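Encoded as structure tokens, the structure appears first; notes follow it.
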Amino acid sequence: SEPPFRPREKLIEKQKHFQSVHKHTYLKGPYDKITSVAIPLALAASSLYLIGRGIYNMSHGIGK
Amino acid sequence: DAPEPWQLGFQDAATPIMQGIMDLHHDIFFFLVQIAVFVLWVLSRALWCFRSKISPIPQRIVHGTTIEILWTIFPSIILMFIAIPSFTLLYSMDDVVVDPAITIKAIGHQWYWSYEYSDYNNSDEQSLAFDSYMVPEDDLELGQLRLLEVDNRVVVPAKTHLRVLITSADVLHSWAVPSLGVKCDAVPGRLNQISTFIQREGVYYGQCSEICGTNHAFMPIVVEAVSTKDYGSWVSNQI
Amino acid sequence: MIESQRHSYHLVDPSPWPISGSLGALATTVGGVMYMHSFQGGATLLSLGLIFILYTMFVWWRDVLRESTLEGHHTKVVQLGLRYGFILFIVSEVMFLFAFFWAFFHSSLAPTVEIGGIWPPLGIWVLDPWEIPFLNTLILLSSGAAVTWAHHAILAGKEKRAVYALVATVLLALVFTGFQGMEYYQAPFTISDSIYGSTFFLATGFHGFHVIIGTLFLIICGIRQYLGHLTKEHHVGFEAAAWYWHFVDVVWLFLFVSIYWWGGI
Amino acid sequence: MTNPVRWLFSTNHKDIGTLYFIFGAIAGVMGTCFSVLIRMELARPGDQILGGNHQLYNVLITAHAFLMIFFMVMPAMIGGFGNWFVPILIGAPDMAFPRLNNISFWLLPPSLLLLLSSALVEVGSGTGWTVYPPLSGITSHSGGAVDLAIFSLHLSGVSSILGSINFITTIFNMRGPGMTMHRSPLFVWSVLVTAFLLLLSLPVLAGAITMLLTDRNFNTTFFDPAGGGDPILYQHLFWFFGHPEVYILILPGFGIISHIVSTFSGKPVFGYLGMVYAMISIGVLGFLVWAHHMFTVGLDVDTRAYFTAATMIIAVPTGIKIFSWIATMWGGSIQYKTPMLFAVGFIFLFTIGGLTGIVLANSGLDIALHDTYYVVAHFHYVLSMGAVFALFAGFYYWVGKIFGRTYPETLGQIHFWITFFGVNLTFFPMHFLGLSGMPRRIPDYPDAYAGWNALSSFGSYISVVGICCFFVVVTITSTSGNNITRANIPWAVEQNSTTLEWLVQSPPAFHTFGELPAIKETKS
Amino acid sequence: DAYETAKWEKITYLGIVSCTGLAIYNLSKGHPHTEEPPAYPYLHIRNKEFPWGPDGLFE
Amino acid sequence: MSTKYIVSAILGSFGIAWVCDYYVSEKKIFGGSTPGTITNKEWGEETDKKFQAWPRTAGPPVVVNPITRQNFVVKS
Amino acid sequence: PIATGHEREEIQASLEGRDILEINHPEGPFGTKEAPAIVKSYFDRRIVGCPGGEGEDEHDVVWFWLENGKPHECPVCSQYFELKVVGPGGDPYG
Amino acid sequence: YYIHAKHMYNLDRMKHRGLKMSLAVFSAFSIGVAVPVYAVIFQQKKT
Ligand code: HEA
Ligand code: HEA
Ligand SMILES: [Cu+2]
Ligand SMILES: [Mg+2]
Ligand SMILES: [Zn+2]
């Protein structure tokens, strides 16, 4: 019987931190602010623009 | 033999296969019109005699016995009765006891057919090969049909056996003449065998039944059944 | 709290990862077509969509881990439901690889006239089914034994040797994918060869892709077990990993037997 | 911003059901526009509105088939009615695995965009509904349209797999207390069985079309004749998907019809165990026959005999189901509202379609009738009549519930009669032409067949009138200034209901359950 | 309880030892290819040229 | 109650379908063509007289649809 | 081990020996002659389903929206259903 | 927000609801019968 390489109280501190905020699940933490409002957002914007341009070019038969 | 305006049911038969097909469909339709009329009658009498103004009390029965087994069993014997003839037709149509007398390859090219009665040549290169093109709109005489008339039709001796080897060269196709009751698929790799035996003279029309590329339905098939002497004269003249 | 909610099931909170993942899938598919046929935006669009799917999947699993480990929303019943769902997913994958095996068999029982009516086609130098493929089977067998060792590490209360067993299994899976890569490079026949080469390479490639994803699943479970996220009573991630790896090993066993033994005979 | 969160983000199985319904309506209208274009082209012999370009006609038939067989019935039976009325009816809180629910629904619209862009690229996909290999090969198309369509099928298939896993785990795990498996209603049961079929069969289609894709682009030889690999392999795989595919479009219809008959006959479903076992057996025997769609390709005699027998045996249980429904109307106190109208029409027209199917199931008869409009009549009655009429019946029966308002009755009956007359006029001459012998999927016909195709073309416009009436009904429902009552409808006013979903509220609040139901479960 | 862990530990160690031996066996093989087969019709087909056309992937 | 309304609406629907058909396939408000085989109005005539005796490539003219039309030659 | 929130409450109950929702299975003898056939509810009014049955007979299922002030008898098998709140009796949605 | 509402929709509240729903259904029909026609129009606009 051995705890796995962590004190396991860092996890308890993290549990306190997560249960001690008043937001949705995906916005908890300071990491998730940056992550889940900037990376997917800009990434989806670029994806949408490239998808539109690609459909346009394929339909019109231009830019082979 | 040819399609008719405002027609009900099958065309005319020129093959024992087509006689079998007509008989099997008529037996099936007899059984199934019995089924359909009985079901409609029971549904109608159930809806009408209990129409909220005669029986306003639900009468509350939910478990049924000795009637569920009855409508489980009786459709079974119905199916047995309507599967007795189908199996007999299959296992009396498969057998070819007699040797075929000729051999007519029907290679299904892309938007036009081809044929080779190759069994008349002393060499290796094949004689008596031609192409079966649809006649365009303006190339018709005053009588023929539209998009169903062919240049240089298939010629076949009547009252003698056949063996047509359907196959393709570009894409999927199907050799399909309904009056003879012949439909099979030409797959670019295989060589399907159809044994048929016409019973009377005259011309029979049919079309492609598979999606070829763009001129689908403009890829028709015409088979003439003519007397053996005339068939011999025609082949000797074509060689 | 449950006493006010009055039921132990799970009620999740909104997250845009469904829609984001769907947009990533559309990106991947249009990029795939635009790279399959030569076009200007093809490669970049395909790569962008693929990394979009990877990113949304990452944040999705991160969200599930966050909920279930720190918030503690998983109760016994949803714990069971996760096992149900993953068994169903494995059944779906079984049917997929069944379809591929049917393709192979329908192409190899009665070989057509156009490959000589014989199998394997003349001029395709079949791999000896005993030099590399046997070693791959032995490697996956040892990997399965190591996964079982990891499971009995977690169960027996010995939560330290679990990481040792998991890292041993990851090493064996990496050795397997390396030897599969060596086999692909040293192949005496390519994909564009006859139906034999074609079905061989398609089936083996999808099996290797499943090996990659199972290996990365095992890596995730190893990191979690090192960090302490798993306990003797409550662990589903590891059970999913073990079942998936056993699936991959069984598929490899069928693949080895049929293709490598029979096809070479 | 709160509304976009609540729609694009929320899990909320009810809201996903609403989104599924809206998508189903849009896809249905698109499919009907394609059908009307097809009918306009086929109205008279010669080039009618296409003015040539039979390739565009083949593209139209393909797009119509995909749109209505994948984006109209499935997003309405499974996503539409399934998502809503599985957890409400079974007595459970929000569905299991809500995020899978959301991802499946939001996967669907990109699949729609792929399908339309496939119909729009360089020339088009003129390969029919069932993409066959050699025509969809790179020698004969060389466009990319088939690639886009194949990816559309991939996205739709993945979404349906996710939904099926959702429903299976929910039924097996997320039931209420005391509710044994044999107390879940038949809608739940049909959704379970159809979800099993969708989970088992659909991956085979994904494998087959992946193989077709790598045959086209990455230059394999799976379906190239030179090198083995006959197209028969693809026929086998696609139809091993195809028949389980068609016993999925109708099973939720069966469930909804059972519920409607039960609630209109004042009595529950006669022979409950018979219904359950018959439906399970239909599900099982939907797999053991898959080549009854390719009798005329060159299989040996014994396979044809076996598939004949298998189709007859799959015919029996549907007979048990229909006779059970007829029995559970012998009680009394019927009341002819529009849901009952549509259920009755379903039973009648599905009977006609099924009998035609039996005629088609034999071998020799299929030799004579393969790929002729006899088959088109068969599956248009079966699929269109059955699925769409069950859909309309469910829609009325439960727009009593979703929005909280209620449709006007005279317009409901007018719509039923218009649609019934139109769509039953426009598909019986298909039987007659198929007997005459015209091949399927042709833009022009010989002059002989021009007699009926003028009459059938007269049937599409009536159905268009019916659909426009239906949308007038939907708008007048969503703006009806008179809420749910007892004079209007007697269903939701029940203080005692056979099905759990009628005694809750006008719409469910947000969690559908302040507290879960119970079961007395006597014999202490 | 722990006997099972010990037993699977032992057999996994046996497995990796045998596998490492077999890897040593398989390696150090030269692998000389035989001559290319005659160009049968069904070999090296190009229905549609690859995006990286001239030679297949992994070559 | 409403049978008046239902029947009236059904007849109106038939009227509207007829009007749309007449505009879209008899006068073609959307461009199109008509075959030369139907506008000649004498083509069916010869088609029937040819079912009496259909021309052939090798052999004398021969009949078609002998059963369903009851048309055929006698002792000779 | 490690747990907090819903799983913690579940495991605390399963360690203390109490069942969390044991009020959700009435499991009572059929009928009401001098003893009502009783249920339990955490709210004012609650859904209850009767399958009926001494042990041999049964009717399929009937859902009735049982309320506090008025006992309700099963429509088909005719047994009473008297409710007894074990929580704060309030309208289920407040 | 209306998670704690007596009705999930509460459709009555919005501003007269009539023009909004009428436009909604009409635009649904327009998107249903515009794209299928537009695909054919574009294909004839092509070669
Ligand atoms: C979902 C299945 C479905 C439906 C509903 C329909 C509907 C119709 N179909 Fe379709 N059809 C197919 C599936 C379907 N079809 C398939 C699979 C093929 C094969 C293609 C091929 O062989 O390659 C085909 C082919 C096909 C052809 C042959 C094409 C060819 O031979 O070239 C024709 C010919 O006219 C045709 C006509 C019609 C007509 C007139 C309707 C009319 O019934 C129009 C429908 C009318 C309705 C009443 C339904 C609309 C309902 C709504 C929009 C309301 C929705 C409500 C909500 C969701 C709330 N169909
Ligand atoms: C929509 C779902 C659906 C349903 C329910 C059915 C029902 C049946 N179908 Fe159908 N079928 C399709 C979907 C469906 N089909 C499609 C999409 C096609 C076209 C595919 C293509 O484009 O190629 C097709 C075409 C098709 C074909 C021909 C394919 C080809 O050659 O072109 C065949 C033949 O084997 C067939 C068989 C059957 C059989 C035996 C039934 C039976 O299950 C019917 C059972 C119903 C009953 C028979 C009615 C109720 C029974 C009674 C009231 C009891 C009394 C009856 C007896 C005495 C048993 N179907
Ligand atoms: Cu089928
Ligand atoms: Mg066919
Ligand atoms: Zn009771």
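To be explicit about the labels: the chains of the structure tokens are called A, B, and onward in the order shown, and within each one the residues are counted from 1, while ligands get numbers from 1 in the order they are shown.
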
Using DSSP assignments from the backbone, pull out every residue in chain H that falls under helix (DSSP H, G or I) and give it to me as a list in words. residues 11, 12, 13, 18, 19, 20, 21, 22, 23, 24, 25, 26, 27, 28, 29, 30, 31, 32, 35, 36, 37, 38, 39, 40, 41, 42, 43, 44 and 45 of chain H

Expected file contents, prior selection, N, CA and C atoms, as an mmCIF file, in the first residue's frame:
```cif
data_model
loop_
_atom_site.group_PDB
_atom_site.id
_atom_site.type_symbol
_atom_site.label_atom_id
_atom_site.label_comp_id
_atom_site.auth_asym_id
_atom_site.auth_seq_id
_atom_site.Cartn_x
_atom_site.Cartn_y
_atom_site.Cartn_z
ATOM 1 N N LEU H 11 -43.637 30.417 -24.162
ATOM 2 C CA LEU H 11 -43.630 31.057 -25.469
ATOM 3 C C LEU H 11 -44.482 32.314 -25.496
ATOM 4 N N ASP H 12 -45.461 32.420 -24.599
ATOM 5 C CA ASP H 12 -46.416 33.521 -24.656
ATOM 6 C C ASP H 12 -45.725 34.868 -24.476
ATOM 7 N N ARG H 13 -44.615 34.897 -23.740
ATOM 8 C CA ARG H 13 -44.098 36.165 -23.238
ATOM 9 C C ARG H 13 -43.612 37.093 -24.347
ATOM 10 N N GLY H 18 -46.148 36.788 -33.179
ATOM 11 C CA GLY H 18 -46.844 36.435 -34.394
ATOM 12 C C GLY H 18 -45.978 36.670 -35.603
ATOM 13 N N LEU H 19 -45.510 37.908 -35.755
ATOM 14 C CA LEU H 19 -44.584 38.216 -36.833
ATOM 15 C C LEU H 19 -43.334 37.359 -36.727
ATOM 16 N N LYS H 20 -42.844 37.147 -35.505
ATOM 17 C CA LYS H 20 -41.625 36.370 -35.325
ATOM 18 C C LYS H 20 -41.804 34.936 -35.804
ATOM 19 N N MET H 21 -42.847 34.245 -35.335
ATOM 20 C CA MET H 21 -43.041 32.866 -35.776
ATOM 21 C C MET H 21 -43.390 32.781 -37.258
ATOM 22 N N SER H 22 -44.160 33.739 -37.781
ATOM 23 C CA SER H 22 -44.482 33.715 -39.202
ATOM 24 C C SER H 22 -43.222 33.831 -40.046
ATOM 25 N N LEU H 23 -42.355 34.790 -39.714
ATOM 26 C CA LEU H 23 -41.096 34.918 -40.431
ATOM 27 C C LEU H 23 -40.237 33.680 -40.251
ATOM 28 N N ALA H 24 -40.233 33.100 -39.048
ATOM 29 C CA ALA H 24 -39.420 31.915 -38.816
ATOM 30 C C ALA H 24 -39.824 30.787 -39.747
ATOM 31 N N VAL H 25 -41.115 30.475 -39.790
ATOM 32 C CA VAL H 25 -41.562 29.361 -40.618
ATOM 33 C C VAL H 25 -41.392 29.690 -42.097
ATOM 34 N N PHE H 26 -41.626 30.945 -42.489
ATOM 35 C CA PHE H 26 -41.472 31.279 -43.897
ATOM 36 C C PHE H 26 -40.014 31.204 -44.327
ATOM 37 N N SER H 27 -39.085 31.602 -43.458
ATOM 38 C CA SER H 27 -37.674 31.487 -43.796
ATOM 39 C C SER H 27 -37.220 30.036 -43.788
ATOM 40 N N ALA H 28 -37.796 29.213 -42.915
ATOM 41 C CA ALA H 28 -37.541 27.780 -42.980
ATOM 42 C C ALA H 28 -37.960 27.221 -44.335
ATOM 43 N N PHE H 29 -39.156 27.585 -44.790
ATOM 44 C CA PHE H 29 -39.609 27.123 -46.099
ATOM 45 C C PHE H 29 -38.740 27.685 -47.221
ATOM 46 N N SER H 30 -38.311 28.941 -47.098
ATOM 47 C CA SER H 30 -37.460 29.538 -48.123
ATOM 48 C C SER H 30 -36.128 28.814 -48.231
ATOM 49 N N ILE H 31 -35.524 28.464 -47.093
ATOM 50 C CA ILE H 31 -34.280 27.704 -47.130
ATOM 51 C C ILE H 31 -34.525 26.285 -47.621
ATOM 52 N N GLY H 32 -35.730 25.753 -47.419
ATOM 53 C CA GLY H 32 -36.021 24.423 -47.919
ATOM 54 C C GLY H 32 -36.296 24.351 -49.406
ATOM 55 N N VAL H 35 -32.388 26.421 -51.870
ATOM 56 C CA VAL H 35 -31.140 25.723 -52.167
ATOM 57 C C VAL H 35 -31.344 24.611 -53.194
ATOM 58 N N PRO H 36 -32.355 23.741 -53.069
ATOM 59 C CA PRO H 36 -32.541 22.725 -54.117
ATOM 60 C C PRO H 36 -32.735 23.310 -55.502
ATOM 61 N N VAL H 37 -33.471 24.414 -55.619
ATOM 62 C CA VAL H 37 -33.605 25.070 -56.914
ATOM 63 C C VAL H 37 -32.292 25.728 -57.308
ATOM 64 N N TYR H 38 -31.603 26.335 -56.341
ATOM 65 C CA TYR H 38 -30.366 27.039 -56.653
ATOM 66 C C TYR H 38 -29.284 26.095 -57.151
ATOM 67 N N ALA H 39 -29.275 24.846 -56.685
ATOM 68 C CA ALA H 39 -28.290 23.896 -57.189
ATOM 69 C C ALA H 39 -28.477 23.649 -58.682
ATOM 70 N N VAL H 40 -29.723 23.454 -59.115
ATOM 71 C CA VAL H 40 -30.004 23.272 -60.536
ATOM 72 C C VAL H 40 -29.678 24.542 -61.314
ATOM 73 N N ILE H 41 -30.032 25.704 -60.761
ATOM 74 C CA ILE H 41 -29.737 26.954 -61.454
ATOM 75 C C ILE H 41 -28.237 27.111 -61.653
ATOM 76 N N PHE H 42 -27.442 26.782 -60.635
ATOM 77 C CA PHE H 42 -25.996 26.891 -60.780
ATOM 78 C C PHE H 42 -25.459 25.878 -61.783
ATOM 79 N N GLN H 43 -25.992 24.658 -61.779
ATOM 80 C CA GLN H 43 -25.491 23.657 -62.714
ATOM 81 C C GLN H 43 -25.755 24.065 -64.161
ATOM 82 N N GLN H 44 -26.938 24.612 -64.454
ATOM 83 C CA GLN H 44 -27.143 25.182 -65.787
ATOM 84 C C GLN H 44 -26.333 26.451 -66.031
ATOM 85 N N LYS H 45 -26.034 27.236 -64.995
ATOM 86 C CA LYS H 45 -25.150 28.378 -65.194
ATOM 87 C C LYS H 45 -23.748 27.924 -65.567
#
```

Please provide as a ChimeraX atom specification all residues within 12 Å of residue C:136, with the sequence filter that same-chain residues fewer than 2 positions apart are discarded (counting only C-alpha atoms). /C:129-134,138-143,172-183,208,211,249,252-253,255-256,260 /E:16,19-20,22-23,26

Can you check which residues of chain G have any atom within 8 Å of chain D? Use only C-alpha atoms and format it as number ranges by chain. G: 24-30, 39, 43, 46-55, 60-65, 75, 92-93

Would you export the selected residues with N, CA and C atoms as a compact mmCIF listing (two decimals), in the first residue's frame, please?
```txt
# COMPACT_ATOMS: atom_id res chain seq x y z
N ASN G 24 -38.14 5.62 -2.18
CA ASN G 24 -38.59 5.53 -3.56
C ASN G 24 -39.07 4.13 -3.94
N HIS G 25 -39.17 3.22 -2.98
CA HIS G 25 -39.71 1.88 -3.21
C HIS G 25 -40.75 1.62 -2.13
N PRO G 26 -42.02 1.94 -2.40
CA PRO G 26 -43.07 1.72 -1.39
C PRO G 26 -43.14 0.28 -0.89
N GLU G 27 -43.33 -0.68 -1.79
CA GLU G 27 -43.33 -2.10 -1.46
C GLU G 27 -44.28 -2.39 -0.29
N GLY G 28 -45.56 -2.17 -0.56
CA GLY G 28 -46.58 -2.36 0.45
C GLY G 28 -47.60 -3.41 0.06
N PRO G 29 -48.26 -4.00 1.05
CA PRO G 29 -49.31 -4.98 0.76
C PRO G 29 -50.51 -4.31 0.11
N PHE G 30 -51.19 -5.08 -0.73
CA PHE G 30 -52.28 -4.54 -1.53
C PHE G 30 -53.49 -4.18 -0.67
N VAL G 39 -47.45 5.37 0.62
CA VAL G 39 -46.21 5.74 -0.07
C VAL G 39 -45.49 6.79 0.76
N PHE G 43 -41.74 15.72 -1.36
CA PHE G 43 -42.43 16.93 -1.76
C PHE G 43 -43.92 16.84 -1.45
N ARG G 46 -46.67 13.92 -5.71
CA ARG G 46 -45.68 13.07 -6.36
C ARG G 46 -46.36 12.07 -7.27
N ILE G 47 -45.63 11.60 -8.28
CA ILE G 47 -46.15 10.62 -9.22
C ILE G 47 -46.01 9.23 -8.61
N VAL G 48 -47.07 8.43 -8.69
CA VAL G 48 -47.02 7.05 -8.20
C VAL G 48 -47.67 6.15 -9.23
N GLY G 49 -47.07 4.99 -9.45
CA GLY G 49 -47.56 4.02 -10.41
C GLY G 49 -48.02 2.74 -9.72
N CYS G 50 -49.19 2.27 -10.12
CA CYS G 50 -49.72 1.04 -9.59
C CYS G 50 -49.65 -0.04 -10.65
N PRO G 51 -49.02 -1.17 -10.37
CA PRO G 51 -49.17 -2.34 -11.23
C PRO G 51 -50.23 -3.27 -10.69
N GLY G 52 -50.71 -2.98 -9.48
CA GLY G 52 -51.70 -3.80 -8.82
C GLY G 52 -51.21 -5.21 -8.54
N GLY G 53 -52.04 -6.00 -7.87
CA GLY G 53 -51.73 -7.41 -7.75
C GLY G 53 -51.48 -7.93 -6.35
N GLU G 54 -52.37 -8.82 -5.89
CA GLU G 54 -52.11 -9.58 -4.67
C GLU G 54 -50.82 -10.37 -4.77
N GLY G 55 -50.40 -10.72 -5.99
CA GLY G 55 -49.25 -11.57 -6.23
C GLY G 55 -49.46 -12.46 -7.43
N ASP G 60 -51.46 -3.65 -16.07
CA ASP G 60 -50.16 -3.40 -16.67
C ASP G 60 -49.39 -2.32 -15.93
N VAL G 61 -49.86 -1.07 -15.99
CA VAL G 61 -49.35 -0.01 -15.13
C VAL G 61 -50.29 1.18 -15.25
N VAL G 62 -50.52 1.89 -14.15
CA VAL G 62 -51.28 3.13 -14.21
C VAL G 62 -50.54 4.18 -13.40
N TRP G 63 -50.25 5.31 -14.03
CA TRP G 63 -49.56 6.43 -13.40
C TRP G 63 -50.61 7.42 -12.94
N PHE G 64 -50.61 7.74 -11.65
CA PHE G 64 -51.46 8.81 -11.18
C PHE G 64 -50.64 9.81 -10.38
N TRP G 65 -51.01 11.08 -10.54
CA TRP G 65 -50.30 12.20 -9.94
C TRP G 65 -50.85 12.38 -8.53
N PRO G 75 -57.56 3.20 -10.42
CA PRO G 75 -58.79 3.14 -11.23
C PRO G 75 -59.27 1.73 -11.51
N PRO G 92 -43.63 20.97 -6.18
CA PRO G 92 -42.33 20.40 -6.58
C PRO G 92 -41.37 21.38 -7.23
N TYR G 93 -41.88 22.42 -7.87
CA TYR G 93 -41.05 23.46 -8.46
C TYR G 93 -41.04 24.74 -7.62
```

Can you tell me which residues come within 8 Å of ligand 4 when counting only C-alpha atoms and all ligand atoms, ideally as a ChimeraX atom specification? /B:174,184-185,209-210 /D:293-297,370-371

Which residues of chain D have any atom within 7 Å of an atom in ligand 1 when counting only C-alpha atoms and all ligand atoms, and what is the closest pair of atoms for each, with the distance in Å to one decimal? Order the rows by chain and rising number and write it as a tab-separated table.
```
residue	atom	partner	partner_atom_place_in_ligand_line	distance
D:21	CA	ligand 1	58 (C)	6.2
D:24	CA	ligand 1	58 (C)	4.5
D:25	CA	ligand 1	58 (C)	4.2
D:28	CA	ligand 1	53 (C)	3.6
D:29	CA	ligand 1	53 (C)	4.4
D:32	CA	ligand 1	44 (C)	4.8
D:35	CA	ligand 1	38 (C)	5.0
D:36	CA	ligand 1	40 (C)	6.5
D:38	CA	ligand 1	35 (O)	5.7
D:39	CA	ligand 1	35 (O)	5.0
D:58	CA	ligand 1	32 (O)	6.6
D:61	CA	ligand 1	29 (C)	5.1
D:62	CA	ligand 1	23 (O)	5.4
D:64	CA	ligand 1	11 (N)	6.5
D:65	CA	ligand 1	16 (C)	4.3
D:68	CA	ligand 1	1 (C)	4.0
D:69	CA	ligand 1	1 (C)	4.1
D:72	CA	ligand 1	58 (C)	6.0
D:73	CA	ligand 1	1 (C)	6.2
D:76	CA	ligand 1	58 (C)	5.8
D:128	CA	ligand 1	23 (O)	3.8
D:129	CA	ligand 1	23 (O)	3.9
D:130	CA	ligand 1	23 (O)	6.3
D:376	CA	ligand 1	25 (C)	6.6
D:380	CA	ligand 1	15 (N)	6.1
D:383	CA	ligand 1	2 (C)	5.7
D:384	CA	ligand 1	5 (C)	4.3
D:388	CA	ligand 1	49 (C)	6.1
D:391	CA	ligand 1	56 (C)	6.7
D:392	CA	ligand 1	56 (C)	6.4
D:395	CA	ligand 1	59 (C)	6.4
D:419	CA	ligand 1	48 (C)	6.3
D:423	CA	ligand 1	43 (O)	5.7
D:426	CA	ligand 1	40 (C)	6.5
D:440	CA	ligand 1	31 (O)	4.8
D:441	CA	ligand 1	32 (O)	3.3
D:442	CA	ligand 1	32 (O)	5.2
D:443	CA	ligand 1	32 (O)	6.5
D:460	CA	ligand 1	40 (C)	5.3
D:463	CA	ligand 1	46 (C)	5.9
D:467	CA	ligand 1	52 (C)	6.2
```

Counting only C-alpha atoms and all ligand atoms, name the residues that have an atom within 9 Å of an atom of ligand 3; the answer should be given as a PyMOL selection string. chain D and resi 239-240+242-247+286+289-293+311+361

File dump, residues just selected, N, CA, C and O atoms, as a short mmCIF file (atom, residue, chain, number, x, y, z; two decimals), in the first residue's frame:
```cif
data_model
loop_
_atom_site.label_atom_id
_atom_site.label_comp_id
_atom_site.auth_asym_id
_atom_site.auth_seq_id
_atom_site.Cartn_x
_atom_site.Cartn_y
_atom_site.Cartn_z
N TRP D 239 -25.37 -3.76 -49.03
CA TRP D 239 -26.72 -4.21 -48.72
C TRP D 239 -26.83 -4.91 -47.37
O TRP D 239 -27.92 -4.90 -46.77
N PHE D 240 -25.74 -5.50 -46.88
CA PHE D 240 -25.71 -5.94 -45.49
C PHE D 240 -25.92 -4.76 -44.57
O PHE D 240 -26.45 -4.92 -43.46
N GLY D 242 -27.77 -2.22 -45.99
CA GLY D 242 -28.96 -1.59 -46.53
C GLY D 242 -30.24 -2.13 -45.94
O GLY D 242 -31.20 -1.38 -45.75
N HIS D 243 -30.29 -3.42 -45.67
CA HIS D 243 -31.60 -3.85 -45.20
C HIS D 243 -31.83 -3.54 -43.73
O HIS D 243 -32.94 -3.12 -43.35
N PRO D 244 -30.85 -3.73 -42.84
CA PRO D 244 -31.00 -3.16 -41.50
C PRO D 244 -31.25 -1.68 -41.54
O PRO D 244 -31.90 -1.14 -40.64
N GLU D 245 -30.77 -1.00 -42.57
CA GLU D 245 -31.04 0.42 -42.71
C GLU D 245 -32.52 0.69 -42.91
O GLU D 245 -33.05 1.68 -42.40
N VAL D 246 -33.22 -0.18 -43.64
CA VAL D 246 -34.63 0.07 -43.92
C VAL D 246 -35.55 -0.50 -42.85
O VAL D 246 -36.69 -0.02 -42.72
N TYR D 247 -35.12 -1.49 -42.08
CA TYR D 247 -35.88 -1.79 -40.86
C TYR D 247 -35.51 -0.91 -39.68
O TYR D 247 -35.79 -1.27 -38.54
N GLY D 286 -33.71 -8.90 -39.49
CA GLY D 286 -33.32 -7.89 -40.45
C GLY D 286 -31.90 -8.04 -40.95
O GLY D 286 -31.54 -7.43 -41.96
N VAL D 289 -30.88 -11.54 -43.85
CA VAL D 289 -31.18 -11.41 -45.27
C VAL D 289 -30.70 -10.05 -45.74
O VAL D 289 -31.12 -9.02 -45.22
N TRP D 290 -29.77 -10.04 -46.70
CA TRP D 290 -29.24 -8.79 -47.22
C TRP D 290 -29.08 -8.77 -48.73
O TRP D 290 -28.88 -7.69 -49.28
N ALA D 291 -29.14 -9.91 -49.40
CA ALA D 291 -28.96 -9.97 -50.84
C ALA D 291 -30.27 -10.11 -51.59
O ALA D 291 -30.25 -10.29 -52.81
N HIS D 292 -31.40 -10.02 -50.90
CA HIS D 292 -32.68 -10.05 -51.59
C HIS D 292 -32.86 -8.78 -52.40
O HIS D 292 -33.91 -8.56 -53.01
N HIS D 293 -31.84 -7.92 -52.42
CA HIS D 293 -31.81 -6.74 -53.26
C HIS D 293 -30.98 -6.93 -54.52
O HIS D 293 -30.92 -6.01 -55.34
N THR D 311 -36.78 -13.84 -46.41
CA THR D 311 -37.73 -12.73 -46.55
C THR D 311 -39.14 -13.14 -46.13
O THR D 311 -39.86 -12.35 -45.51
N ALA D 361 -40.38 -10.44 -53.10
CA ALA D 361 -39.38 -11.19 -52.35
C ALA D 361 -38.94 -12.46 -53.06
O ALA D 361 -37.82 -12.92 -52.83
#
```
